[PDB]
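Novice: If it helps, the file is called structure.cif and holds mmCIF, C-alpha atoms and all ligand atoms:
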```cif
data_coords
loop_
_atom_site.label_atom_id
_atom_site.label_comp_id
_atom_site.auth_asym_id
_atom_site.auth_seq_id
_atom_site.Cartn_x
_atom_site.Cartn_y
_atom_site.Cartn_z
CA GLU G 1 91.41 18.70 -26.56
CA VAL G 2 91.69 18.34 -22.78
CA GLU G 3 89.29 20.35 -20.59
CA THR G 4 90.42 21.13 -17.03
CA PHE G 5 87.79 21.82 -14.32
CA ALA G 6 87.96 22.83 -10.65
CA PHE G 7 86.15 20.55 -8.23
CA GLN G 8 83.28 22.30 -6.40
CA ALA G 9 84.35 23.46 -2.90
CA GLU G 10 82.53 20.55 -1.14
CA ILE G 11 84.27 17.90 -3.29
CA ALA G 12 87.72 19.43 -2.83
CA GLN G 13 86.95 19.37 0.97
CA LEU G 14 85.79 15.69 0.80
CA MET G 15 88.88 14.63 -1.16
CA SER G 16 91.20 16.50 1.23
CA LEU G 17 89.51 14.68 4.22
CA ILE G 18 90.01 11.29 2.51
CA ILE G 19 93.65 12.02 1.65
CA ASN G 20 94.66 13.70 4.93
CA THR G 21 92.75 11.88 7.70
CA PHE G 22 94.63 9.10 9.49
CA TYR G 23 92.38 6.06 8.85
CA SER G 24 93.94 2.59 8.54
CA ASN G 25 90.87 0.73 7.18
CA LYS G 26 91.60 1.71 3.54
CA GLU G 27 90.38 -1.63 2.07
CA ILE G 28 86.74 -0.39 2.03
CA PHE G 29 87.53 1.55 -1.20
CA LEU G 30 86.96 -1.77 -3.08
CA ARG G 31 83.45 -2.47 -1.80
CA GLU G 32 82.49 1.16 -2.58
CA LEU G 33 83.63 0.84 -6.23
CA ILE G 34 81.96 -2.61 -6.55
CA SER G 35 78.75 -1.09 -5.08
CA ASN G 36 78.95 1.72 -7.67
CA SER G 37 79.40 -0.91 -10.44
CA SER G 38 76.44 -2.99 -9.08
CA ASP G 39 74.23 0.19 -9.06
CA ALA G 40 75.29 1.00 -12.69
CA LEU G 41 74.53 -2.60 -13.75
CA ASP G 42 71.06 -2.42 -12.08
CA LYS G 43 70.37 0.78 -14.06
CA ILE G 44 71.11 -0.69 -17.51
CA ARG G 45 69.31 -3.93 -16.53
CA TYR G 46 66.15 -1.97 -15.56
CA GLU G 47 66.22 0.26 -18.72
CA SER G 48 66.70 -2.89 -20.90
CA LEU G 49 63.37 -4.36 -19.60
CA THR G 50 61.41 -1.81 -21.67
CA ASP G 51 64.00 -1.35 -24.45
CA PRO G 52 66.12 -4.46 -25.25
CA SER G 53 68.12 -2.41 -27.86
CA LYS G 54 69.84 -0.77 -24.81
CA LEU G 55 71.91 -4.00 -24.62
CA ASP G 56 73.04 -3.81 -28.31
CA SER G 57 76.24 -2.32 -26.76
CA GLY G 58 76.79 -5.58 -24.78
CA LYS G 59 74.46 -8.11 -23.16
CA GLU G 60 76.81 -9.36 -20.41
CA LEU G 61 76.32 -7.62 -17.03
CA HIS G 62 79.45 -8.22 -14.98
CA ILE G 63 82.31 -6.74 -12.91
CA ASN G 64 85.99 -7.44 -13.58
CA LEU G 65 88.91 -6.70 -11.21
CA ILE G 66 92.20 -6.23 -12.99
CA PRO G 67 95.47 -5.89 -11.07
CA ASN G 68 98.62 -4.90 -12.98
CA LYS G 69 101.85 -5.04 -10.95
CA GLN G 70 104.01 -3.58 -13.79
CA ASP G 71 101.88 -0.40 -14.02
CA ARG G 72 100.89 -0.40 -10.32
CA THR G 73 97.19 -0.14 -11.22
CA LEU G 74 94.05 -1.83 -9.99
CA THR G 75 91.16 -1.48 -12.48
CA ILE G 76 87.48 -2.05 -11.67
CA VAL G 77 85.48 -2.60 -14.89
CA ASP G 78 81.75 -2.93 -15.28
CA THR G 79 79.34 -3.14 -18.20
CA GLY G 80 76.80 -0.92 -16.42
CA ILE G 81 74.93 2.10 -17.72
CA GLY G 82 78.05 4.26 -18.00
CA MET G 83 78.11 8.05 -17.81
CA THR G 84 77.51 10.82 -20.32
CA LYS G 85 80.07 13.68 -20.51
CA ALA G 86 77.63 15.90 -18.49
CA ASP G 87 77.31 13.33 -15.69
CA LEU G 88 81.09 12.77 -15.57
CA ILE G 89 81.65 16.55 -15.13
CA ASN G 90 78.76 16.69 -12.62
CA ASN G 91 80.70 14.68 -9.98
CA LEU G 92 80.52 11.31 -11.79
CA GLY G 93 76.70 11.11 -11.46
CA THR G 94 76.79 11.58 -7.66
CA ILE G 95 74.88 14.01 -5.33
CA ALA G 96 78.34 15.10 -4.15
CA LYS G 97 77.55 18.57 -2.79
CA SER G 98 74.64 17.53 -0.54
CA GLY G 99 76.17 14.08 0.16
CA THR G 100 79.46 15.65 1.33
CA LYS G 101 77.60 18.10 3.63
CA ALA G 102 75.55 15.24 5.19
CA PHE G 103 78.68 13.01 5.46
CA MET G 104 80.71 15.77 7.24
CA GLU G 105 77.84 16.30 9.72
CA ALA G 106 77.68 12.49 10.30
CA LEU G 107 81.47 12.40 10.97
CA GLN G 108 80.96 15.02 13.73
CA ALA G 109 78.19 12.80 15.25
CA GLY G 110 80.13 9.50 15.45
CA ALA G 111 80.28 8.21 11.87
CA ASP G 112 83.60 7.09 10.39
CA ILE G 113 85.18 7.17 6.92
CA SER G 114 83.91 3.64 6.08
CA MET G 115 80.34 5.05 6.02
CA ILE G 116 81.17 7.26 2.97
CA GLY G 117 79.05 5.10 0.61
CA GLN G 118 75.92 5.70 2.71
CA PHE G 119 76.11 9.35 1.53
CA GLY G 120 76.39 8.62 -2.22
CA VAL G 121 80.05 9.72 -2.47
CA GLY G 122 81.78 6.31 -2.16
CA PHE G 123 83.60 6.82 -5.48
CA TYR G 124 85.94 9.31 -3.73
CA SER G 125 87.14 6.58 -1.33
CA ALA G 126 89.37 5.59 -4.31
CA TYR G 127 91.69 8.37 -2.93
CA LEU G 128 92.33 6.23 0.20
CA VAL G 129 94.69 4.11 -2.00
CA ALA G 130 95.21 5.93 -5.33
CA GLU G 131 97.43 8.91 -6.06
CA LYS G 132 95.61 9.26 -9.42
CA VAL G 133 92.30 7.90 -10.70
CA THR G 134 91.35 7.63 -14.39
CA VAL G 135 87.69 6.87 -15.22
CA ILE G 136 86.89 5.68 -18.78
CA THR G 137 83.15 5.57 -19.47
CA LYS G 138 80.72 4.95 -22.30
CA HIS G 139 76.96 5.57 -22.06
CA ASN G 140 74.65 4.50 -24.94
CA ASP G 141 73.65 8.21 -25.43
CA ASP G 142 77.19 9.68 -25.64
CA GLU G 143 80.78 9.12 -26.81
CA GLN G 144 83.60 7.46 -24.80
CA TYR G 145 85.30 9.85 -22.33
CA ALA G 146 88.24 9.75 -19.94
CA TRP G 147 88.02 11.66 -16.62
CA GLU G 148 91.21 11.96 -14.54
CA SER G 149 92.34 13.53 -11.30
CA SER G 150 95.32 13.41 -8.95
CA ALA G 151 93.18 15.56 -6.54
CA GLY G 152 94.83 18.96 -5.85
CA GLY G 153 91.46 20.64 -6.65
CA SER G 154 91.14 19.82 -10.36
CA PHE G 155 90.10 17.09 -12.81
CA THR G 156 90.33 16.73 -16.57
CA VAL G 157 87.91 15.39 -19.20
CA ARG G 158 88.86 14.36 -22.76
CA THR G 159 87.26 12.20 -25.46
CA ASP G 160 88.93 8.82 -25.07
CA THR G 161 91.48 7.88 -27.73
CA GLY G 162 91.84 4.36 -26.24
CA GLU G 163 90.05 1.15 -27.35
CA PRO G 164 86.21 1.46 -27.66
CA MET G 165 84.61 -0.35 -24.67
CA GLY G 166 81.02 -1.00 -25.78
CA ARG G 167 79.29 0.35 -22.64
CA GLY G 168 80.12 0.83 -18.99
CA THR G 169 82.79 2.25 -16.72
CA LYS G 170 86.47 1.45 -15.98
CA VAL G 171 87.94 2.96 -12.80
CA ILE G 172 91.77 2.80 -13.00
CA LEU G 173 93.46 3.28 -9.63
CA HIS G 174 97.10 4.37 -9.96
CA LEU G 175 98.08 3.11 -6.52
CA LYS G 176 100.18 4.98 -3.97
CA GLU G 177 103.62 3.33 -3.48
CA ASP G 178 102.75 1.95 -0.02
CA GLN G 179 99.40 0.46 -1.19
CA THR G 180 100.65 -2.33 -3.51
CA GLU G 181 98.96 -4.99 -1.31
CA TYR G 182 95.80 -4.23 -3.40
CA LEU G 183 97.48 -5.81 -6.46
CA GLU G 184 97.90 -9.19 -4.70
CA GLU G 185 95.43 -11.92 -5.73
CA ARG G 186 95.01 -13.24 -2.14
CA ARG G 187 94.40 -9.69 -0.84
CA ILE G 188 91.75 -8.87 -3.45
CA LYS G 189 89.95 -12.25 -2.92
CA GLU G 190 89.99 -11.61 0.84
CA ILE G 191 88.42 -8.11 0.49
CA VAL G 192 85.75 -9.26 -1.97
CA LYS G 193 84.78 -12.12 0.41
CA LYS G 194 84.80 -9.81 3.46
CA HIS G 195 82.81 -6.89 2.02
CA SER G 196 81.24 -7.90 -1.31
CA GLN G 197 80.47 -11.63 -0.94
CA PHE G 198 76.86 -11.62 -2.08
CA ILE G 199 76.11 -9.22 -4.91
CA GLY G 200 73.82 -9.46 -7.96
CA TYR G 201 76.54 -9.80 -10.66
CA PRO G 202 79.56 -12.05 -11.23
CA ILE G 203 82.90 -10.61 -10.14
CA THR G 204 85.91 -11.97 -12.03
CA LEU G 205 89.35 -11.41 -10.53
CA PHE G 206 91.92 -11.50 -13.32
CA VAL G 207 95.23 -13.15 -12.68
CA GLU G 208 98.58 -11.96 -13.99
CA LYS G 209 101.15 -13.69 -16.25
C1 LIG L 1 75.31 4.77 -12.26
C2 LIG L 1 76.13 5.81 -13.04
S1 LIG L 1 77.42 4.92 -13.99
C3 LIG L 1 78.69 4.73 -12.82
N1 LIG L 1 79.00 5.70 -11.94
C4 LIG L 1 80.00 5.51 -11.06
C5 LIG L 1 80.37 6.64 -10.07
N2 LIG L 1 80.67 4.34 -11.07
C6 LIG L 1 80.33 3.36 -11.93
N3 LIG L 1 80.90 2.17 -11.91
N4 LIG L 1 79.37 3.59 -12.83
MG MG L 2 72.66 1.23 -2.47
#
```
Could you express the structure from this file as structure tokens?
Specialist:
Amino acid sequence: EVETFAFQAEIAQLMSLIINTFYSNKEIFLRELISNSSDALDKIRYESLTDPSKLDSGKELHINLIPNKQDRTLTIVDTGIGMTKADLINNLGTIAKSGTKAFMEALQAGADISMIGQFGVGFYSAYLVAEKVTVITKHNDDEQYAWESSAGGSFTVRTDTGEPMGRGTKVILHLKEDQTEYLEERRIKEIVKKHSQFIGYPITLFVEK
């Protein structure tokens, strides 16, 4: 059973700005997703301090970057807190309505697209490089779900039929044809060093056969 939802007006407006605005500095999408992963990892780490059983779904707190040139996908995986179905539907746990309003006002006052993460809506920067985004998530309190959107004002949510993940979030970026540089090992290493050099969790960049 696949449920189809309309994005709230503000989110459709934010996604349209990301997709339609001429802005060459697209590489910042990666630090925004890594920042989201780091925040999710902090959340499960903090909860686990008072309830160690919260890590029964996996003790390792890490971030993996997985390029796949055959499928033209770049996947960001973390073993963070994950999201319940309700939080996935509610703009992937973000304050997207108020954050978009504040971000739009900031853009009128001299801010630029790279500041998106400052407003709590950095996830949507995925649309700088992806024509489609699939988010697989598993929270300790809910089942595994797959969220997906190619923008156009709608997203879908279904229970995930894929392999059980334990706990956390996988963001699968189905890259635009002209954005394949983000599948290159040297390019990913360069961006991680430039924008995400010192973070609280290990980042492993997978290589390809
Ligand atoms: C902190 C909520 S879990 C989460 N949410 C997003 C938007 N991304 C990631 N990695 N994890
Ligand atoms: Mg922060």
Novice: Pick the closest to residue 62 (chain G) from G:186, G:167, G:194, G:97: which is it, counting all atoms listed in the file?
Specialist: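 Of all the options, G:167 lies closest to residue 62 (chain G).
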Novice: Could you give me, as a list in words, the residues within 12 Å of residue 102 (chain G), counting only C-alpha atoms and dropping anything in the same chain fewer than 6 positions from it?
Specialist: residues 10, 14, 95, 96, 108, 109, 111, 115, 116, 117, 118, 119, 120 and 121 of chain G
Novice: Which residue out of G:192, G:44, G:11, G:173 has the minimum interatomic distance to residue 83 (chain G) when all atoms listed in the file are used?
Specialist: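 Going through G:192, G:44, G:11, G:173 one by one, the smallest distance to residue 83 (chain G) is for G:44.
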Novice: As a PyMOL selection string, please: every protein or nucleic acid residue near ligand LIG 1 (chain L) (cut-off 10 Å, counting only C-alpha atoms and all ligand atoms).
Specialist: chain G and resi 32-44+63+76-84+87-88+91-94+120-124+135-139+167-171
Novice: Could the residues in this selection be written to a file with C-alpha atoms, as a PDB file, in the coordinates of the input?
Specialist:
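The resulting out.pdb:
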```
ATOM      1  CA  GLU G  32      82.490   1.160  -2.580  1.00  0.00           C
ATOM      2  CA  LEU G  33      83.630   0.840  -6.230  1.00  0.00           C
ATOM      3  CA  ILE G  34      81.960  -2.610  -6.550  1.00  0.00           C
ATOM      4  CA  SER G  35      78.750  -1.090  -5.080  1.00  0.00           C
ATOM      5  CA  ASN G  36      78.950   1.720  -7.670  1.00  0.00           C
ATOM      6  CA  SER G  37      79.400  -0.910 -10.440  1.00  0.00           C
ATOM      7  CA  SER G  38      76.440  -2.990  -9.080  1.00  0.00           C
ATOM      8  CA  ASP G  39      74.230   0.190  -9.060  1.00  0.00           C
ATOM      9  CA  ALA G  40      75.290   1.000 -12.690  1.00  0.00           C
ATOM     10  CA  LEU G  41      74.530  -2.600 -13.750  1.00  0.00           C
ATOM     11  CA  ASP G  42      71.060  -2.420 -12.080  1.00  0.00           C
ATOM     12  CA  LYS G  43      70.370   0.780 -14.060  1.00  0.00           C
ATOM     13  CA  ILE G  44      71.110  -0.690 -17.510  1.00  0.00           C
ATOM     14  CA  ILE G  63      82.310  -6.740 -12.910  1.00  0.00           C
ATOM     15  CA  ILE G  76      87.480  -2.050 -11.670  1.00  0.00           C
ATOM     16  CA  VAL G  77      85.480  -2.600 -14.890  1.00  0.00           C
ATOM     17  CA  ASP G  78      81.750  -2.930 -15.280  1.00  0.00           C
ATOM     18  CA  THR G  79      79.340  -3.140 -18.200  1.00  0.00           C
ATOM     19  CA  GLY G  80      76.800  -0.920 -16.420  1.00  0.00           C
ATOM     20  CA  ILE G  81      74.930   2.100 -17.720  1.00  0.00           C
ATOM     21  CA  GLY G  82      78.050   4.260 -18.000  1.00  0.00           C
ATOM     22  CA  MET G  83      78.110   8.050 -17.810  1.00  0.00           C
ATOM     23  CA  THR G  84      77.510  10.820 -20.320  1.00  0.00           C
ATOM     24  CA  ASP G  87      77.310  13.330 -15.690  1.00  0.00           C
ATOM     25  CA  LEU G  88      81.090  12.770 -15.570  1.00  0.00           C
ATOM     26  CA  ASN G  91      80.700  14.680  -9.980  1.00  0.00           C
ATOM     27  CA  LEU G  92      80.520  11.310 -11.790  1.00  0.00           C
ATOM     28  CA  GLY G  93      76.700  11.110 -11.460  1.00  0.00           C
ATOM     29  CA  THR G  94      76.790  11.580  -7.660  1.00  0.00           C
ATOM     30  CA  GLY G 120      76.390   8.620  -2.220  1.00  0.00           C
ATOM     31  CA  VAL G 121      80.050   9.720  -2.470  1.00  0.00           C
ATOM     32  CA  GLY G 122      81.780   6.310  -2.160  1.00  0.00           C
ATOM     33  CA  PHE G 123      83.600   6.820  -5.480  1.00  0.00           C
ATOM     34  CA  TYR G 124      85.940   9.310  -3.730  1.00  0.00           C
ATOM     35  CA  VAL G 135      87.690   6.870 -15.220  1.00  0.00           C
ATOM     36  CA  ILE G 136      86.890   5.680 -18.780  1.00  0.00           C
ATOM     37  CA  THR G 137      83.150   5.570 -19.470  1.00  0.00           C
ATOM     38  CA  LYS G 138      80.720   4.950 -22.300  1.00  0.00           C
ATOM     39  CA  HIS G 139      76.960   5.570 -22.060  1.00  0.00           C
ATOM     40  CA  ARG G 167      79.290   0.350 -22.640  1.00  0.00           C
ATOM     41  CA  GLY G 168      80.120   0.830 -18.990  1.00  0.00           C
ATOM     42  CA  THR G 169      82.790   2.250 -16.720  1.00  0.00           C
ATOM     43  CA  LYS G 170      86.470   1.450 -15.980  1.00  0.00           C
ATOM     44  CA  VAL G 171      87.940   2.960 -12.800  1.00  0.00           C
TER      45      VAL G 171
END
```
Novice: Using only C-alpha atoms, what residues lie at most 7 Å away from (99.6, 2.1, -5.2) (file coordinates), given as JSON, numbers by chain?
Specialist: {"G": [72, 73, 129, 130, 174, 175, 176, 177, 178, 179, 180]}
Novice: CA of residue 48 (chain G) to CA of residue 61 (chain G): how many Å, to one decimal?
Specialist: 11.4 Å
Novice: My list of candidates is G:199, G:28, G:50, G:208. Which is closest to ligand MG 2 (chain L) when distances are computed with all atoms listed in the file?
Specialist: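 For ligand MG 2 (chain L), the nearest of the given residues is G:199.
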Novice: I need the residue nearest residue 184 (chain G) from this list: G:99, G:52, G:67, G:162. Use only C-alpha atoms for the distance.
Specialist: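 Closest candidate: G:67.
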Novice: Under the rule that only C-alpha atoms and all ligand atoms are counted, which of G:209, G:69, G:31, G:132 is the nearest residue to ligand MG 2 (chain L)?
Specialist: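 Counting only C-alpha atoms and all ligand atoms, the residue closest to ligand MG 2 (chain L) is G:31.
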Novice: List the neighbours of residue 134 (chain G) out to 10 Å using all atoms listed in the file; skip same-chain residues closer than 6 positions along the sequence, and give me the result as a compact mmCIF listing (two decimals) with C-alpha atoms, in the coordinates of the input.
Specialist:
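Now in result-v4.txt:
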```txt
# COMPACT_ATOMS: atom_id res chain seq x y z
CA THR G 75 91.16 -1.48 -12.48
CA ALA G 146 88.24 9.75 -19.94
CA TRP G 147 88.02 11.66 -16.62
CA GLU G 148 91.21 11.96 -14.54
CA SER G 149 92.34 13.53 -11.30
CA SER G 150 95.32 13.41 -8.95
CA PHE G 155 90.10 17.09 -12.81
CA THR G 156 90.33 16.73 -16.57
CA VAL G 157 87.91 15.39 -19.20
CA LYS G 170 86.47 1.45 -15.98
CA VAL G 171 87.94 2.96 -12.80
CA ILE G 172 91.77 2.80 -13.00
CA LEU G 173 93.46 3.28 -9.63
CA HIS G 174 97.10 4.37 -9.96
```
Novice: Quick one: distance from CA of residue 133 (chain G) to CA of residue 54 (chain G) in Å, one decimal?
Specialist: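 Atom-to-atom, CA of residue 133 (chain G) and CA of residue 54 (chain G) are spaced 27.9 Å apart.
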Novice: What's the separation between CA of residue 140 (chain G) and CA of residue 57 (chain G), in Å to one decimal place?
Specialist: 7.2 Å
Novice: Neighbours of residue 205 (chain G) within 7 Å (only C-alpha atoms; same-chain residues fewer than 2 positions away dropped), as a list in words?
Specialist: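 Final neighbour list, sorted by chain and number: residues 64, 65, 66, 203 and 207 of chain G.
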Novice: Edge lengths and centre in Å to one decimal, as AutoDock Vina command-line options, is what I'm after for the box along x, y and z that holds all listed atoms of region 48-60 of chain G once 8 Å is added on each side.
Specialist:
```
--center_x 69.1 --center_y -5.1 --center_z -24.0 --size_x 31.4 --size_y 24.6 --size_z 24.7
```
Novice: Some atoms are missing, so please complete region 164-194 of chain G with N, CA and C atoms and return it as a compact mmCIF listing (two decimals), in the frame of the given file.
Specialist:
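As a result, result.txt now contains:
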```
# COMPACT_ATOMS: atom_id res chain seq x y z
N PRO G 164 87.65 1.37 -27.98
CA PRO G 164 86.21 1.46 -27.66
C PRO G 164 85.79 0.32 -26.72
N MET G 165 85.02 0.65 -25.66
CA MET G 165 84.61 -0.35 -24.67
C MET G 165 83.20 -0.94 -24.76
N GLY G 166 82.38 -0.46 -25.66
CA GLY G 166 81.02 -1.00 -25.78
C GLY G 166 80.07 -0.18 -24.93
N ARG G 167 80.14 -0.38 -23.60
CA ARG G 167 79.29 0.35 -22.64
C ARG G 167 79.79 0.02 -21.25
N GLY G 168 79.81 1.02 -20.39
CA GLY G 168 80.12 0.83 -18.99
C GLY G 168 81.15 1.78 -18.46
N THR G 169 81.81 1.38 -17.37
CA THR G 169 82.79 2.25 -16.72
C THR G 169 84.02 1.45 -16.27
N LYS G 170 85.21 2.03 -16.48
CA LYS G 170 86.47 1.45 -15.98
C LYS G 170 87.05 2.47 -15.02
N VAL G 171 87.32 2.06 -13.77
CA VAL G 171 87.94 2.96 -12.80
C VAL G 171 89.36 2.42 -12.61
N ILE G 172 90.36 3.19 -13.06
CA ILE G 172 91.77 2.80 -13.00
C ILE G 172 92.40 3.51 -11.83
N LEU G 173 92.82 2.73 -10.82
CA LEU G 173 93.46 3.28 -9.63
C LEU G 173 94.96 3.17 -9.79
N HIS G 174 95.64 4.32 -9.88
CA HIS G 174 97.10 4.37 -9.96
C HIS G 174 97.51 4.42 -8.48
N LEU G 175 97.85 3.26 -7.95
CA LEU G 175 98.08 3.11 -6.52
C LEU G 175 99.26 3.88 -5.97
N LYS G 176 99.11 4.33 -4.72
CA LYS G 176 100.18 4.98 -3.97
C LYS G 176 101.25 3.89 -3.74
N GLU G 177 102.53 4.30 -3.63
CA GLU G 177 103.62 3.33 -3.48
C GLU G 177 103.49 2.36 -2.33
N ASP G 178 102.90 2.80 -1.20
CA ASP G 178 102.75 1.95 -0.02
C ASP G 178 101.42 1.15 0.02
N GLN G 179 100.70 1.14 -1.11
CA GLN G 179 99.40 0.46 -1.19
C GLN G 179 99.38 -0.67 -2.21
N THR G 180 100.55 -1.25 -2.51
CA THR G 180 100.65 -2.33 -3.51
C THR G 180 100.03 -3.64 -3.04
N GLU G 181 99.61 -3.75 -1.76
CA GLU G 181 98.96 -4.99 -1.31
C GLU G 181 97.68 -5.24 -2.10
N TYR G 182 97.05 -4.15 -2.63
CA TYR G 182 95.80 -4.23 -3.40
C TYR G 182 95.96 -4.75 -4.81
N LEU G 183 97.19 -5.16 -5.16
CA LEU G 183 97.48 -5.81 -6.46
C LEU G 183 97.65 -7.32 -6.27
N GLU G 184 97.69 -7.77 -5.01
CA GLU G 184 97.90 -9.19 -4.70
C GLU G 184 96.61 -9.98 -4.80
N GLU G 185 96.62 -11.08 -5.57
CA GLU G 185 95.43 -11.92 -5.73
C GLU G 185 94.77 -12.30 -4.39
N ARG G 186 95.57 -12.81 -3.42
CA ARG G 186 95.01 -13.24 -2.14
C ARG G 186 94.36 -12.08 -1.39
N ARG G 187 94.95 -10.88 -1.49
CA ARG G 187 94.40 -9.69 -0.84
C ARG G 187 93.06 -9.29 -1.46
N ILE G 188 92.99 -9.23 -2.80
CA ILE G 188 91.75 -8.87 -3.45
C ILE G 188 90.65 -9.89 -3.14
N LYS G 189 90.94 -11.20 -3.24
CA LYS G 189 89.95 -12.25 -2.92
C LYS G 189 89.42 -12.06 -1.51
N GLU G 190 90.33 -11.79 -0.57
CA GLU G 190 89.99 -11.61 0.84
C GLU G 190 89.01 -10.45 1.02
N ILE G 191 89.28 -9.31 0.35
CA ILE G 191 88.42 -8.11 0.49
C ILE G 191 87.06 -8.33 -0.14
N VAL G 192 87.04 -8.96 -1.32
CA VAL G 192 85.75 -9.26 -1.97
C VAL G 192 84.91 -10.18 -1.06
N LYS G 193 85.52 -11.23 -0.48
CA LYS G 193 84.78 -12.12 0.41
C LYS G 193 84.31 -11.38 1.68
N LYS G 194 85.15 -10.51 2.23
CA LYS G 194 84.80 -9.81 3.46
C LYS G 194 83.66 -8.81 3.28
```
